[PDB]
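Undergrad: This structure is in structure tokens; I'll ask about it shortly.
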Amino acid sequence: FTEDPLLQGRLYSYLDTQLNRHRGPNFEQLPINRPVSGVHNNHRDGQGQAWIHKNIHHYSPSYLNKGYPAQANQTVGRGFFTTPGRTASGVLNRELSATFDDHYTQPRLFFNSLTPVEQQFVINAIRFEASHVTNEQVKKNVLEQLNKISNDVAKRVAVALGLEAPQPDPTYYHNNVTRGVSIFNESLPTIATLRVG
Amino acid sequence: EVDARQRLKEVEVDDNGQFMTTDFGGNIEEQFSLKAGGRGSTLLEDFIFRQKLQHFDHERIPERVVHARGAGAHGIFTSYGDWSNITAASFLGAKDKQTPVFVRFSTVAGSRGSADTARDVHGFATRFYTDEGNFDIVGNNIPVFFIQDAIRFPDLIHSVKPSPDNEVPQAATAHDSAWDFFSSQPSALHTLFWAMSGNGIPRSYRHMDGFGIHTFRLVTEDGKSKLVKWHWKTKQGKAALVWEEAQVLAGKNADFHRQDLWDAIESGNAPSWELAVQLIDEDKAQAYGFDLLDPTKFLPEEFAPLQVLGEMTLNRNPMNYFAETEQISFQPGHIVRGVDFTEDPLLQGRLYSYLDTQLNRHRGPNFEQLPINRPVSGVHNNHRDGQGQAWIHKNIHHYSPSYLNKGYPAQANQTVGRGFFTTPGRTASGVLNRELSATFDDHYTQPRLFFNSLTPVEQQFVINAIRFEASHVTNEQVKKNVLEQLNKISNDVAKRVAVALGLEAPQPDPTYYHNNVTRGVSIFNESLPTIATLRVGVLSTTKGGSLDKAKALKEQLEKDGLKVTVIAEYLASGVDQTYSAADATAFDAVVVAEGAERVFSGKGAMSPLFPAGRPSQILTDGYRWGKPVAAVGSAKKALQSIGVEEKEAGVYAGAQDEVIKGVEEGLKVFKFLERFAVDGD
Amino acid sequence: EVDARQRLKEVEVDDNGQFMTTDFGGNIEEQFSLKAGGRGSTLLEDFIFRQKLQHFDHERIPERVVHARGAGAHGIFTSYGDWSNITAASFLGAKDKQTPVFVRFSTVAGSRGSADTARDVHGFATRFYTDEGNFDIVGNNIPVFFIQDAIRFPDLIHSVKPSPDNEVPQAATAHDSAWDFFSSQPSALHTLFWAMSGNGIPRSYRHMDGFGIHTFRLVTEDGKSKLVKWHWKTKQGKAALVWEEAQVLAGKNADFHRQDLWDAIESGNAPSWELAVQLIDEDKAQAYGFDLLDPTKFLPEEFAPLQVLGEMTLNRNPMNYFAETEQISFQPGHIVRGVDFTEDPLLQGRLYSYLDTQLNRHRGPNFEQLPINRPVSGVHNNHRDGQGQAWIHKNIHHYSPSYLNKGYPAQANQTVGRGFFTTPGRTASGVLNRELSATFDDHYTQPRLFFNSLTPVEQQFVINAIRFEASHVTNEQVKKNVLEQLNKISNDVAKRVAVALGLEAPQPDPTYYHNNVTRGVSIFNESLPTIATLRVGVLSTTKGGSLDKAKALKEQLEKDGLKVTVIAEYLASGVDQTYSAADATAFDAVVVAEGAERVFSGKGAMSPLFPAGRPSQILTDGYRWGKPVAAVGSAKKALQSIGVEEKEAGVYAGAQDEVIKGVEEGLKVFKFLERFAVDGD
Amino acid sequence: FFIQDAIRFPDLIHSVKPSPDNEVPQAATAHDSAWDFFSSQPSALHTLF
Amino acid sequence: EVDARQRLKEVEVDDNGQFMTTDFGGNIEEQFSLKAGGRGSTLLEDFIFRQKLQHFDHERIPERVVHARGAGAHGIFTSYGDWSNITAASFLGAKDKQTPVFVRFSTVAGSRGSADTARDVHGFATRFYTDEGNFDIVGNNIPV
Amino acid sequence: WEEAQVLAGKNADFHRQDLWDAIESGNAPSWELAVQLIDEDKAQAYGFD
Ligand code: HEM
Ligand code: HEM
Ligand code: HEM
Ligand SMILES: *[C@@H]1O[C@H](CO)[C@@H](O)[C@H](O)[C@H]1NC(C)=O
Ligand SMILES: *[C@@H]1O[C@H](CO)[C@@H](O)[C@H](O)[C@H]1NC(C)=O
Ligand SMILES: *[C@@H]1O[C@H](CO)[C@@H](O)[C@H](O)[C@H]1NC(C)=O
Ligand SMILES: *[C@@H]1O[C@H](CO)[C@@H](O)[C@H](O)[C@H]1NC(C)=O
Ligand SMILES: *[C@@H]1O[C@H](CO)[C@@H](O)[C@H](O)[C@H]1NC(C)=O
Ligand SMILES: *[C@@H]1O[C@H](CO)[C@@H](O)[C@H](O)[C@H]1NC(C)=O
Ligand SMILES: *[C@@H]1O[C@H](CO)[C@@H](O)[C@H](O)[C@H]1NC(C)=O
């Protein structure tokens, strides 16, 4: 793993949520969830336990089980290991890094890298969905944030909402472009399974 | 003037003007995870993150095994008189006696998230929070059900629900397994016909009748009883959509019926139903050509007329959908003194199933303690413990009989304590059997009665519906089995349906044919008693002062009680909705404002603000779906573009005053059936 | 003088003077099944039977994974001072500030039905229902714990609990797997020694001290931190039983501790504890010969004396055991503003474990909504839904940040809203590792420090306890491994344990040997400050008018606060208990009333009313287990029948005034250690 | 993805999911609460596009 | 020599000479928590800790509402003859016909952990794993 | 009874240990399945039901 704060929380969330769906800790024993590599540990009991463990000495360390199931690491047993070089440094903090501050540059980069008609579909999508918002101040907040991404996009979306979000705010405007973000630009490599009426 | 949800106020939580906290108290923040450094890993000691996420991760509960898709609201039932002469039920025991109620409407097959406007049997579940316990009338909008025995319910539901290999199709009976079961189990044919008619695709929950379906018993104080059928009579009038409209509406707005019910209550237009009953003696069980214990049969009103007992009105929406609507647990076993069951084999099995299924949904025994499930009459018994036990019992002697508790809580029966009692006259006699009675054998006579009692155009909708669904069946032999069973009901129906499938229908089978007709099984036949809350789409334009007089048209229509939406290119001053967000399915009548012809024609109909031909598509769809259409002044050229003349019925072209008068009276007719073709030219 | 359970009143249900009902209301009777005929089968439509039985069938919930066997009660905590300069905790915020509390005591390994007097570590879980959220101190009666890392907890518990093939032995560490783990994981040796001493078999919950074990942080409002250890000091004084006594008591009265706690509060003799703390500087974490993050170590009071914060008193028993005691959900993660965690690896893993395990017991995320689990300070957040959602939230905008809800519920931190905050000065540094610090490596020094601080007879009890349990170990190499680890702590202890096992003790290993002693780790050392609620068994007889003297003897003893029990052959006037129902384990002292010698000889000790030699066995057991024993007047013959001299320590003989004065004095000594032999002889 | 920290995940979903009072609209972000969150939380703008 | 637990052999797990793994496979060590520093706090990304502790935390299921305290064993039932003249039961359908069985004995009132030698009515429940479905004779040591 | 009380404390696992040891030591216990057959018309013929 990495120190992505979004990834960090998922690790907890996805394991916990299975307790709700499956109503037990033995959801991995389900045929679709089972691995092909085998399972050997000191986990016993729980709801819907499907196996019958033969090892009565279900703990580590132990003389009676001769140290089996055994510990595996980087050098022995081909076990999992965290990257040796990874380190922690600094104060314990409930805050995001200053490097996470930019929210407007890449959105514009994506919009720049689309075709003229694709750019219209994106605006038409915002035009459609933004009109369903009943609260006036919320629509003003939307155009205010859209104006930071692009002035033309803010103004074009604004005309459908029946108001102005005009005055440019060029803190984050640019003309850079990147490959492969578009869909309608390229042609399909195969027409197999395509339907004809 | 008393609030319907008054009892639920004590459990309500106001978070306004407060700091964020945990579930165990103490003020907190929850917008940042605790990290080991500026760009560090999240700590396990972060209790604020885990307590927040754990609750989110465990939000979902299992949906209902059937009727997963639905919506509801609170209300008040009022009894018109003292009905002690026919029943000992306390909620019907006095004139002007009011009882709080909660009603939940639903479809059947579709899962949570499925469309409201899918073709299906609909649910009509009503609870009476009476002063002698909760009484539930769990019913449907169709007076008969598919099967005759409750043991066959999983077989019915497995067949109609999506195929288990791919889980397709969603919320639809138009597939092999469904029509395999209808042909293999021909008792289901009757409910099939109702489901293929207007009852399958109703306008809204407000425009449905409701039925208890089963024959129940009403018992007096002395033990004497009478057989009873429950009926909910809509005061808004019956109304139904067309199928081609219903399909489009499913995608355009899957929340059509629940939002309709919500907007009606919020706007001060609370829907109401009258509670009616068909009362007959015990000796009439097998008197009218069928068995009253058979749930696949209804009792014609010619043999037993409707007797109105009271009126229910739904006037309060829920504040939290999940806590109230989703969590509510209806049961046909929820019975009170003055009522009793019958030996209907389908009903008999439901009493077990509904109590059992709550163990799965609520994951514990204590589901009646939930605010929405609680009665207003009080709960006193020796039930202890269980998961989520909300109370603390004071009586340490939780058993009976007992000297230590002084005989309390005490036993109650017919003579003492106004306790429930089974009808004393009821008897059992005969061998223990796994059989059905010989009186249940006729599966074709009533389906024919229902088909005969529809209008020619209504008969066409049922046939066209069968044609549509039967054509999706891949298996050839299954389609032959379907036409074989349809032929037993009617040869003409089997002939016409066979045309679409490209098969030859079998020769006439005159065993079950008849020309009888019955009262009150129709829809597109009778006009609505009120056009209040009906929706009108005013197609206008931003260019050339067309929007000014469209607002005047809107203003006049609102006085009569109509919900109006002015359509334009963008949300200008007076514009409610854009053409991009507009569709014909969301309106009962489409009106073209004067000066709005430009958007139907050349330059103006192809603006980037909406898809190509959107203004013209709305009026065209509205006309093809039978809705009263109109066009004010020079807007009659808009009708000329789509090819519709200004003479034919349901089309109103002229001045503003004439259009309003024509549109309003057109909404009473609702659907104009002369635009739909019948078989044979 | 406020009621500690005043918030709980609103969820109490009284069934007195009421008729029996269902869970959904409506009066009923439930003593007869609905049958089809006089001798017929039970009907499925019988809703009264199934609704009653369903709740009974689903009564049980999963027991606690550990500390399953336990009991508790409500109370009030009172702060002795304003403690703002050391902590921001509100419940320690002012002098004479009262906060409600619930405390639960427990064993560890035994299941819900196990004996109270089994040898084990005892739980001491205390909750503070403060005005800024629930604060829990989940502690034990022993200051140190077995393991150093929380990931090893399943390994510890699996080893001590019954063998998974036969589930034997119940509530006991006297088997192969337990001592295999203790010897294989040397860190567990310290808590072992505590467990083998009087702390393993305490007199009652009221005669136990309590410890938080882990080092926590006390944080001030300005953000200055101090390392802290929690201590509960009993005002009843420490007291413990002997092992041979505890074994018999486990069978005679399994409910000994919970009945004792119940009777003390009921009689009006409420127990009390003083909340004390050891304050250490942040730079003195590794300055006392060990690491303060290590949970296997305790800090001697010579280095840091206790600072008394306040007093707790338990004065209210629960109305319902299940609803209150069984359902309460303690968590070390229940922390409030003013307190913070540390980097103890055992504590770090607990924070996850306790919140997670509630999903098992309560089958849902809304366990904090249960009456016993609710805070008194209010709950406001964007948590919605979940299994058994009890409230109805009014705020439709259940998210943040948000304009629509106007930033409510608002965020709270250190300077705003008095929200929780981690110690500002804390930091992290180094590589991400799956290791334990080298400062944790000493496993043998403090166990030796504990043993040195016990009295000779107390040291013998520890060795005799090890002798008993180690002899049950069938595997010889496991017993050899135990002696090897015991030898590292002390050679003398190893040799004295080896002789009972018949094995040659290993040669001395002086690496960790020392002669240091510490204060306050003893029990029998001290005398009791009060003798209230203590139990005296008056052995009398129904013949010869012995009850008159016994009644006058009882009347006097009860005036000093003692609970006296007059024993006879049968329940005559003034007789509390029969000889058949009586046992020495139930009493703290045994006094033979005058004229009750007849029941110790031939006929008289051979009555059909009780087993042979019962009266003599009670006195023999009482004397052999070290209790104060007495005999009034001619009752001296009874002491001579069992070979006990009348003038030794804790043996009183003479007139009524002399016997009463002696026994009351002997109960303060409680246990006479001179009747227990020490090694060498 | 919309958000930068995982603790904000319930806030994101609650806003995009149907309104809790009526459970409307189904499978759509075209309503007040969703666009209130997107504007109030600018990090979501990229995935929105 | 017939093994009563022959059918159960397929679900048996042997951990002798094996490495430690998770419940989703892949070898691991599970004696040290992942820490951010030598004396640091435990990381939330320690998947090995939580997967191990989650299974421990959820080990317990609810005990039986009655007959909580009990113990059982496997066996073999043998019919002495063909009892077709009195019953159509398949397991009593022929002489020397063997059927596997499992018997659990118990008390009534006591919860899990209670003593065996407490005074109570005792359970005697026997299952017959017959060739035409499971047949249970759930009984007691007292006839009434 | 006086034996049973002390045994409950000394060895709570008395019966399950006894059953286990019997099977391990090669002393498997046995029971004979017996039945009392009565005719349908004699259900209330022996002074009770
Ligand atoms: C004509 C007879 C029937 C009628 C009128 C009917 C109607 C309904 C309705 C309206 C609901 C939704 C209740 C709500 O609003 O929450 C429902 C759900 C349900 N139905 Fe029926 N149904 C019938 C037949 C059956 C049968 C034969 C069975 C099986 C014995 C059955 C089993 C169920 C179950 C288990 C639920 C879910 C209840 C819950 O989760 O609360 N139904 N039915
Ligand atoms: C300082 C060492 C520990 C102490 C003093 C301690 C104390 C306690 C106490 C008193 C209880 C019973 C609470 C009650 O009265 O209801 C308990 C239960 C429990 N303990 Fe611990 N414990 C310790 C270590 C651990 C560790 C390391 C773990 C694993 C990470 C753990 C996991 C649990 C669990 C899952 C429960 C059941 C909680 C419930 O069901 O409410 N404990 N512990
Ligand atoms: C007629 C005399 C009865 C006998 C001989 C009897 C026998 C038994 C036995 C042997 C068990 C434990 C089964 C095992 O080994 O796991 C048991 C448990 C149980 N008993 Fe009975 N019982 C009787 C009456 C009843 C009655 C009248 C009820 C209520 C209708 C009842 C409800 C239960 C329940 C719910 C269990 C738990 C079953 C489980 O969780 O697997 N018993 N009984
Ligand atoms: C792309 O444009 C950005 C503006 O945000 C600029 O900072 C950067 O130098 C450009 N990179 C190139 C050369 O692609
Ligand atoms: C109702 O119960 C009463 C006793 O409370 C009893 O005397 C009476 O017979 C019962 N009623 C009937 C009609 O069975
Ligand atoms: C039709 O109605 C008539 C009423 O005249 C009735 O006698 C008859 O039984 C009904 N059924 C058929 C199939 O004719
Ligand atoms: C707490 O929140 C406030 C805003 O409410 C902010 O000004 C402050 O920086 C935050 N942190 C601290 C340390 O108070
Ligand atoms: C026993 O005596 C006193 C308590 O009465 C105590 O201070 C002392 O520490 C104890 N003895 C030892 C060796 O610890
Ligand atoms: C024992 O006490 C002495 C004197 O306080 C101290 O110097 C030493 O560190 C302690 N530890 C041992 C085991 O010697
Ligand atoms: C049934 O037949 C068996 C032998 O096959 C015989 O021993 C037994 O007496 C018969 N039982 C009855 C009751 O007829």
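The first residue you see is number 1, and the count goes up from there.
Quick reminder: no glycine exception, Cβ is built from N, Cα and C everywhere.
Feature table excerpt (Swiss-Prot):
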{"type": "ACT_SITE", "residues": "C:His67", "note": "active site"}
{"type": "ACT_SITE", "residues": "C:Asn140", "note": "active site"}
{"type": "BINDING", "residues": "C:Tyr354", "note": "heme binding site"}
Undergrad: Through the lens of DSSP with three states only, how would you label C:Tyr354 (heme binding site)?
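TA: C:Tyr354 (heme binding site) sits in a helix per DSSP.
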Undergrad: Which residues does C:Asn140 (active site) neighbour through Cβ under 8 Å, counting only same-chain ones at least six apart?
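TA: Spatial neighbours, sequence-distant, of C:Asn140 (active site): C:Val121, C:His122, C:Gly123, C:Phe124, C:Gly210, C:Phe211, C:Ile213.
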Undergrad: Enter the number of other CB atoms within 10 angstroms of the CB of C:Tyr354 (heme binding site).
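TA: Its Cβ shell of radius 10 Å holds 18 other Cβ atoms.
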Undergrad: C-alpha of C:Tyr354 (heme binding site) to C-alpha of C:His67 (active site): distance in Å?
TA: 12
Undergrad: Far apart in sequence but close in space: which same-chain residues, 6 or more away, have a Cβ under 8 Å from C:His67 (active site)?
TA: C:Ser106, C:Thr107, C:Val108, C:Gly123, C:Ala125
Undergrad: Look up C:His67 (active site) in the DSSP assignment and report helix, strand or coil.
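TA: DSSP call for C:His67 (active site): coil, neither helix nor strand.
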Undergrad: Based on DSSP, name the secondary structure state of C:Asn140 (active site): helix, strand or coil.
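TA: Reduced to three states, the DSSP call for C:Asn140 (active site) is strand.
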Undergrad: Determine the recorded positions, out of C:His67, C:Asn140, C:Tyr354, lying near ligand 10 in the sense that the CB is under 6 Å from one of its atoms, and give them in sequence order.
TA: none
